[PDB]
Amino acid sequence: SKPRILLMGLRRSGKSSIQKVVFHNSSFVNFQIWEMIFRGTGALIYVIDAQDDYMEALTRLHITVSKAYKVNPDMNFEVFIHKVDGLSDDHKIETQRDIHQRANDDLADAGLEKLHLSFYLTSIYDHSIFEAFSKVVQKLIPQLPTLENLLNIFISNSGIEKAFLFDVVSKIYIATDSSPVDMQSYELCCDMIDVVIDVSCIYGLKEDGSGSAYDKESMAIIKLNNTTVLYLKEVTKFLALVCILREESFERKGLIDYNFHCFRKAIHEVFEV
């Protein structure tokens, strides 16, 4: 059931820089750069260079998207207004409103105003591209309300403030409990996964050449001087739970651990793993 994403744009839009930063078989998500292909595809991400002039790029956008609505009119169209790290907010906003306006204005005159275009301000020196991908992938998971109800029963009953379900390779969150998501918590959790994976690549690969950094027993506890605790546990070979809680809730670590195994078996049954 792996969600299918295609990524498209002109030479120098930033694509393989985006593919590199996010993914470097081994994701929860099936991802590819570019009327056959668009037949079984969830989402098409059109990347525009925002540091460059976009008039050329807006044109190709309208062609490739009208092309693919024809084939599969359920496909999600996602637009990455990209390399915005090169501009001032004044310039970010005006481009956003400008690409928004013309991309949508161009779609009225093809009589295709029943074709939704979501927008994202992305950058590779930024987490925006993770946030952006996390949003795109979440729309392609039909069992998202089940994952979100399971995290809710898990964190309620476990004294946990916030829980993200992560794709370990990409640092994309496929689900979170119902609490509002502060994007700084999301970034911090992504930076934890990097720390866990890069220390696991160096130590704990097996006496011989190699093995795998992430495995059934992959666990981390990070303690922050404001008594915040971050707690990562393997769920599946793709997916890791990361929890944010306080030291005080973490005193009841036995109850969290026992309940975690109910949540984990429940996640397995959802994915028929």
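Residue positions are given as counts along the sequence shown, with the first one as 1.
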Do any residues of the deposited sequence lie unmodelled between residue 24 and residue 25, and which range holds their number: none, 1 to 3, 4 to 9, or 10 or more?
10 or more
In the PDB record, does 190-198 or 105-113 carry the higher mean Cα temperature factor?
105-113
Mean B factor on CA atoms, stretches 118-126 and 169-177, record says higher is 118-126
Of the residues 224, 232, 65, 245, the one carrying the largest Cα B-factor as recorded
65
With respect to the C-alpha temperature factors reported in the PDB entry, which of 161, 131, 94, 148 ranks highest?
94
Residue 153 by Cα B-factor - lowest, middle or highest third of the modelled chain
lowest
Chain-relative CA temperature factor third for residue 58:
highest
Chain thirds by Cα B factor, record data; residue 185 belongs to the lowest
In terms of its chain's C-alpha B-factors, the third that includes residue 253 is the lowest
Going by what the PDB entry lists, where does residue 44 fall on CA B-factor within its chain: lowest, middle or highest third?
middle
